[PDB]
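Trainee: Please read through the structure below; I'll follow up with questions.
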Amino acid sequence: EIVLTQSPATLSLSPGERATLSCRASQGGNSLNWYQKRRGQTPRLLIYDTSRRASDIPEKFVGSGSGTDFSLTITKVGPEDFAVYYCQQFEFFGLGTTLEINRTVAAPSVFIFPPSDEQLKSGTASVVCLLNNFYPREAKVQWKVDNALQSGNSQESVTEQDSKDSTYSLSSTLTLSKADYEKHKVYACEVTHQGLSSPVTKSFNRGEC
Amino acid sequence: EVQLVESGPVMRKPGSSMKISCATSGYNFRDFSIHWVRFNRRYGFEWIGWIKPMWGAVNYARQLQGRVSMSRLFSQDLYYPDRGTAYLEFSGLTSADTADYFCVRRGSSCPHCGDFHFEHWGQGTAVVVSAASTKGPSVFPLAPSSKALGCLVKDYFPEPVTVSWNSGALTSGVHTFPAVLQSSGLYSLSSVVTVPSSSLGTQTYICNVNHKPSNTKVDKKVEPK
Amino acid sequence: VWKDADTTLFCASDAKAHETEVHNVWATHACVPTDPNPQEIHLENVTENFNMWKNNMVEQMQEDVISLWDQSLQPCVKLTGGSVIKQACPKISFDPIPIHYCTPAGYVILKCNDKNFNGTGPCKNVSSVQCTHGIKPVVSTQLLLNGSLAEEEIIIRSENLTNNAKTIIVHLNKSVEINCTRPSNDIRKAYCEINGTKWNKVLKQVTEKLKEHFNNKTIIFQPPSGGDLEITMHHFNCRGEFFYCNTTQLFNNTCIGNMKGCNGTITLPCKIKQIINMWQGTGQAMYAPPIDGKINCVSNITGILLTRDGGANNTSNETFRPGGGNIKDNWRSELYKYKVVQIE
Ligand SMILES: *[C@@H]1O[C@H](CO)[C@@H](O)[C@H](O)[C@H]1NC(C)=O
Ligand SMILES: *[C@@H]1O[C@H](CO)[C@@H](O)[C@H](O)[C@H]1NC(C)=O
Ligand SMILES: *[C@@H]1O[C@H](CO)[C@@H](O)[C@H](O)[C@H]1NC(C)=O
Ligand SMILES: *[C@@H]1O[C@H](CO)[C@@H](O)[C@H](O)[C@H]1NC(C)=O
Ligand SMILES: *[C@@H]1O[C@H](CO)[C@@H](O)[C@H](O)[C@H]1NC(C)=O
Ligand SMILES: *[C@@H]1O[C@H](CO)[C@@H](O)[C@H](O)[C@H]1NC(C)=O
Ligand SMILES: *[C@@H]1O[C@H](CO)[C@@H](O)[C@H](O)[C@H]1NC(C)=O
Ligand SMILES: *[C@@H]1O[C@H](CO)[C@@H](O)[C@H](O)[C@H]1NC(C)=O
Ligand SMILES: *[C@@H]1O[C@H](CO)[C@@H](O)[C@H](O)[C@H]1NC(C)=O
Ligand SMILES: *[C@@H]1O[C@H](CO)[C@@H](O)[C@H](O)[C@H]1NC(C)=O
């Protein structure tokens, strides 16, 4: 079979920059295809047979390559050209590459939300922490229950790129039983990030306003 | 133009089977092979197989032998012939068979180009497989601190859930996160909205969570304390 | 000096005016008599590039054999998409004759004389002729009948071997007879006798010759994954009757060489159908019941049509299943070594 590597995965393209990826296929001697896929929508073919544009496609999409390595090129990236990109060789497919809008600063802001009383009457508690923006995506959201660092009992929800301001957002939800929640008092969220001079902690005490 | 249209969303218990159709139009059904591709969520793409509707000849992927069968059917009408639907049968469903399934066809353009240049994609068919059952969500408030506000949509199945505020009057500053699959087999997501801290005693905020599979609609009002 | 070009060819044969047979009647009105003194000019110091997969000669022959079959073979009933066409269906005399294809003035057919020529590469020994050799328009699936053999060794033909959507043509350097019979007394039930000792001997070589093109790994045959009976079985026509034979035994990979006791005569379960799917791509056709007496069609197997079953072959074996389906590929089996060029 044939291996297809799409390294690297993502890069920050300022509106107007040029893209250059690498489809270092295992066994050359063949061609390659390219697909633009805005997630939630269907893939759109762009370049077929190593280097050829498909029907009704703007000439900003440029493809080339030979042997094992291949290259795609976009001239002046548009607002709807930020998506995923995949290459193929016959029955064997690639993994994909993501495009992202740049700048953006470096600092995350942090809201905290205690579980509602209505939910406690069901036997479970959900502590939701809210982050806006925060690039780079390397986060270190640490949960602290009475200064006891928590791990393995929370889950995260990240990307939702807005075309208006190129901002991010992120949720990490802590799930505990009704019992364990009332067992402790202080609940904090430790957001350690590179664009933060010092780790920001937002907290609340159980039962208070 | 050439279009490919597939059947609606599908959820199946593990061990079950599914038959997905794929209506075609805008070209001659006989002249082109139809391949089936599933957009493997966070796995990329895995090619399933093709069918040449001349004799219904098929070639199934080796890593799917004994679980997949394909067939075709030509147009019944005498006034609108040359069309036709293609079909995909999938048996013995488990966990890894949760994906978005597409019917594709090689774009009509060149001769030398091999039979794997998919220019035409169907709208797709989302397919979920678990032991969970259709359930309507509860809606708890993420109340604003007295020192943003939102709604968390928890314990529902299956996808999706759409989120709008005040019947679609407040759209700016709204952040509806993607759903997360809990260990319980049921989904959950979070939706928040940043608003002025002065309008927390004069403005009413309401989140319209919608869940069509369970035919559920909740009107929730988020307030401080 | 010449140039690769395409033009309208004309057919030539030895068809006889008194013959009531289907192919003779067509060739009478459609062809000219065979030239009694064919000449071949060997071009020295001249190489040339061929491609049997892009050959307009193929698309012309296809257009003619369709005409032949539309003129004579007429079903009692036939769908026209949403309606039916009820025509005339008398029993006919059916036995395909050799049909030469020839070039007009200003043009010449170039012939590849390289023995181990696979169909796509360049040739070293090229000659010029005016007409192709005698080619019977035998339509069939899975197996190629009454055709030409390979010059030296078994030759594997394919547009792209790494492409599973490309049908494979196995050109046999040694042919094996297939004796098909419908005895005269359940009147639909026929059979095909084949010398088993000679078949798996040839199929042994086919397996070995195929291992060269796939990194020396094991090679196993499997029954077709699906489709219409015409493609899942050995479909063909003898004496105007449509035969369908089960070829499961023909690919008994267990009995290939090894464990050693698999000799003798093998017979294939066959049936004669009156309701078929037209290879014309025109739909379904209903024919009249068979004719009385012993129907017998002793044919030669000259080639096999395979499609590589391909996916994520993590294991060390390629799976090959029989089945052509594309009758244009039947013509390429004979027209592979010819190319039409325009002179100056
Ligand atoms: C082999 O397949 C490639 C597509 O990957 C195609 O471009 C090429 O023409 C094929 N080779 C030959 C000799 O036709
Ligand atoms: C036929 O020979 C040519 C030239 O040597 C080569 O490029 C091609 O791969 C061969 N094809 C097959 C099917 O062996
Ligand atoms: C030259 O052509 C003859 C007849 O056409 C053929 O048999 C022979 O193999 C060719 N010679 C060489 C050296 O290939
Ligand atoms: C069958 O094959 C033999 C050689 O094995 C040949 O002499 C005969 O002409 C063939 N019959 C045809 C082509 O109809
Ligand atoms: C047919 O070709 C094979 C090699 O492909 C060779 O071993 C065998 O001897 C040939 N058969 C005859 C009868 O020449
Ligand atoms: C073919 O087989 C039939 C019996 O099925 C027999 O009568 C006939 O003589 C055989 N012909 C040849 C050429 O072996
Ligand atoms: C099969 O053919 C072989 C020659 O390869 C011959 O010796 C043998 O007698 C044939 N078998 C039968 C049953 O006629
Ligand atoms: C052919 O025969 C085999 C075994 O005898 C059987 O498994 C297969 O289904 C048959 N094919 C048909 C009836 O199309
Ligand atoms: C394969 O060959 C073996 C050995 O003679 C035989 O027992 C078996 O029936 C064959 N399989 C078939 C004919 O499907
Ligand atoms: C093969 O040729 C023989 C005569 O050479 C003929 O009787 C037989 O019908 C032919 N086979 C087919 C399938 O037409």
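Residue numbers (the numbering used here), protein chains in the order written: chain A, 161 to 369; chain B, -19 to 205; chain C, 655 to 998. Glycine included, each C-beta is placed from N, C-alpha and C at the ideal position.
With contact counted as at least three CB pairs below 8 Å, one residue from each stretch, are the region 112 to 122 of chain B and the region 144 to 158 of chain B in contact?
Mentor: Judged by Cβ distances under 8 Å, the region 112 to 122 of chain B makes no contact with the region 144 to 158 of chain B, as fewer than three pairs qualify.
Trainee: Can you tell which of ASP216/A, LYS236/A, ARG198/A has the C-alpha that lies nearest to the C-alpha of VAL244/A?
Mentor: Here residue 244/A corresponds to residue number 84 of the first sequence, with the count starting at 1. Checked all of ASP216/A, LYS236/A, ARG198/A; the closest Cα to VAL244/A is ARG198/A.
Trainee: Check whether the Cβ atoms of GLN45/B and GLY736/C lie closer than 8 Å to each other.
Mentor: Position 65 of the second sequence holds residue 45/B. Position 82 of the third sequence holds residue 736/C. Not a contact, by the Cβ cut-off of 8 Å.
Trainee: Here's the rule: buried if 16 or more other CB atoms are within 10 angstroms of the residue's CB, otherwise exposed. What is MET887/C?
Mentor: The residue you call residue 887/C lines up with position 233 of the third sequence. By the neighbour-count rule (16 or more Cβ atoms within 10 Å), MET887/C is buried.
Trainee: If we count the other Cβ atoms within 10 Å of its Cβ and call it buried at 16 or more, is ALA41/B buried or exposed?
Mentor: Within the second sequence, the letter at position 61 stands for residue 41/B. That one is buried.
Trainee: Taking three-plus beta-carbon pairs below 8 Å as touching, is the region 768 to 775 of chain C in contact with the region 923 to 930 of chain C?
Mentor: Not touching, per the Cβ criterion.
Trainee: Assuming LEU663/C contacts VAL995/C under a Cβ cut-off of 8 Å, what Cβ separation, rounded to an integer in Å, is found between them?
Mentor: Here residue 663/C refers to the residue found at position 9 of the third sequence. Here residue 995/C refers to the residue found at position 341 of the third sequence. Going by Cβ atoms, the distance from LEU663/C to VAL995/C rounds to 13 Å, so no, they are not a contact pair.
Trainee: Any heavy atom of ligand 10 closer than 7 Å to the CB of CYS83/B?
Mentor: For this step, residue 83/B is matched to residue 103 along the second sequence. Checking the Cβ of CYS83/B against ligand 10 gives no.
Trainee: Grab me the residues of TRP985/C's own chain with a C-beta within less than 7 Å of its C-beta, minus the 5 sequence neighbours each way, in chain order.
Mentor: The residue you call residue 985/C lines up with position 331 of the third sequence. Here the set comprises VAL712, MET715, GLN716.
Trainee: Suppose contacts are defined by Cβ-Cβ distances below 8 Å. Is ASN818/C in contact with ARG962/C by that definition?
Mentor: On the third sequence, position 164 is the one that residue 818/C refers to. On the third sequence, position 308 is the one that residue 962/C refers to. Taking 8 Å as the Cβ cut-off, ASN818/C and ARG962/C qualify as a contacting pair.
Trainee: In chain A, what lies closer than 7 Å to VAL172/B by C-beta?
Mentor: Along the second sequence, one-based indexing puts residue 172/B at 192. The contacting residues are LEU290.
Trainee: Measuring CB to CB, does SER782/C end up less than 8 Å from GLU988/C?
Mentor: Translated into positions along the third sequence, residue 782/C becomes position 128. Translated into positions along the third sequence, residue 988/C becomes position 334. No, the Cβ-Cβ distance between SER782/C and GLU988/C is not below 8 Å.
Trainee: Taking the alpha-carbon positions, what's the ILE873/C to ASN971/C distance?
Mentor: Here residue 873/C corresponds to residue number 219 of the third sequence, with the count starting at 1. Here residue 971/C corresponds to residue number 317 of the third sequence, with the count starting at 1. Roughly 6 Å between the two C-alpha positions.
Trainee: Is any non-hydrogen atom of ligand 7 found closer than 7 Å to the C-beta of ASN849/C, if you look at the structure I gave you?
Mentor: Numbered from its first residue, the third sequence carries residue 849/C at position 195. True, at least one ligand heavy atom lies under 7 Å from that Cβ.
Trainee: Taking 7 Å as the cut-off, is the beta-carbon of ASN767/C closer than that to any non-hydrogen atom of ligand 4?
Mentor: Within the third sequence, the letter at position 113 stands for residue 767/C. Flag unset: Cβ of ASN767/C not near ligand 4.
Trainee: For the structure I just gave you, are there three or more beta carbon pairs, one from the region 265 to 275 of chain A and one from the region 293 to 309 of chain A, closer than 8 Å?
Mentor: Yes: at least three Cβ pairs fall under 8 Å.
Trainee: Counting only Cβ pairs nearer than 7 Å, list the residues of chain A close to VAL160/B.
Mentor: To locate residue 160/B, count along the second sequence from 1; it is residue 180. What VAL160/B touches in chain A: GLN315, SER317.
Trainee: For chain A, find out if any of its Cβ atoms is closer than 8 Å to the Cβ of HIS191/B; answer yes or no.
Mentor: Here residue 191/B is taken as the residue at index 211 of the second sequence, counted from 1. False, the Cβ-Cβ gap to chain A never drops below 8 Å.
Trainee: Beta-carbon within less than 6 Å of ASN833/C's beta-carbon, same chain only, minus the 5 sequence neighbours each way: which residues are those?
Mentor: Translated into the one-based positions of the third sequence, residue 833/C becomes position 179. Within the same chain, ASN833/C has close Cβ partners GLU847, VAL952.
Trainee: Helix, strand or coil for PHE868/C per DSSP?
Mentor: Residue 868/C sits at position 214 when you count from the first residue of the third sequence. Of the three classes helix, strand and coil, the one that applies to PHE868/C here is helix, per DSSP.
Trainee: Can you tell me whether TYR246/A is helix, strand or coil according to DSSP?
Mentor: Numbered from 1 along the first sequence, position 86 holds the residue referred to as residue 246/A. The answer is strand: DSSP assigns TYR246/A an E or B state.
Trainee: Less than 6 Å between C-beta atoms, sequence neighbours within five positions excluded: which residues of the same chain meet that for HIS344/A?
Mentor: Translated into the one-based positions of the first sequence, residue 344/A becomes position 184. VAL305, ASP306, listed in sequence order.
Trainee: Cβ closer than 8 Å: which chain C residues qualify as neighbours of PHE250/A?
Mentor: For this step, residue 250/A is matched to residue 90 along the first sequence. Those within 8 Å of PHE250/A in chain C are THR816, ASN817, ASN818.
Trainee: Mind checking which residues open and close the beta strand (DSSP E) that includes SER737/C?
Mentor: In the third sequence, the residue the question calls residue 737/C occupies position 83. No beta strand (DSSP E) holds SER737/C; DSSP gives it neither H nor E.
Trainee: Which value, in whole angstroms, describes the spacing of the CA atoms of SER13/B and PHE19/B?
Mentor: Reading the second sequence from its first residue, position 33 is the one you call residue 13/B. Reading the second sequence from its first residue, position 39 is the one you call residue 19/B. Taking the straight line from one Cα to the other gives about 19 Å.
Trainee: When every heavy atom of ligand 4 is checked, does at least one fall within less than 7 Å of the C-beta of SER829/C?
Mentor: Looking up residue 829/C in the third sequence gives position 175. Yes, ligand 4 has a heavy atom inside 7 Å of this Cβ.
Trainee: Tell me, which residues are paired with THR142/B by DSSP?
Mentor: As a first step, residue 142/B must be located in the second sequence, where it is residue number 162. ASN190/B, per the DSSP bridge assignment.
Trainee: Residues of chain B with a CB under 9 Å from the CB of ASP840/C: which are they?
Mentor: Position 186 of the third sequence, counted from the start, is the residue given in the question as residue 840/C. What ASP840/C touches in chain B: nothing, since even the nearest Cβ is about 28 Å away.
Trainee: Identify the contact partners of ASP340/A in chain B, using a Cβ-Cβ distance below 9 Å as the criterion.
Mentor: Looking up residue 340/A in the first sequence gives position 180. Near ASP340/A there are no residues of chain B at all, since even the closest Cβ is about 16 Å away, more than 9 Å.
Trainee: With DSSP collapsed to three states, give me the class of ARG18/B.
Mentor: What you label residue 18/B is simply residue 38 of the second sequence in a count that begins at 1. Correct three-state label for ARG18/B: strand.
Trainee: Which residues have their C-beta within less than 7 Å of a heavy atom of ligand 8, listed in chain order?
Mentor: With the cut-off at 7 Å, the residues found are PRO877/C, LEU883/C, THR886/C, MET887/C, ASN900/C, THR902/C, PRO923/C.
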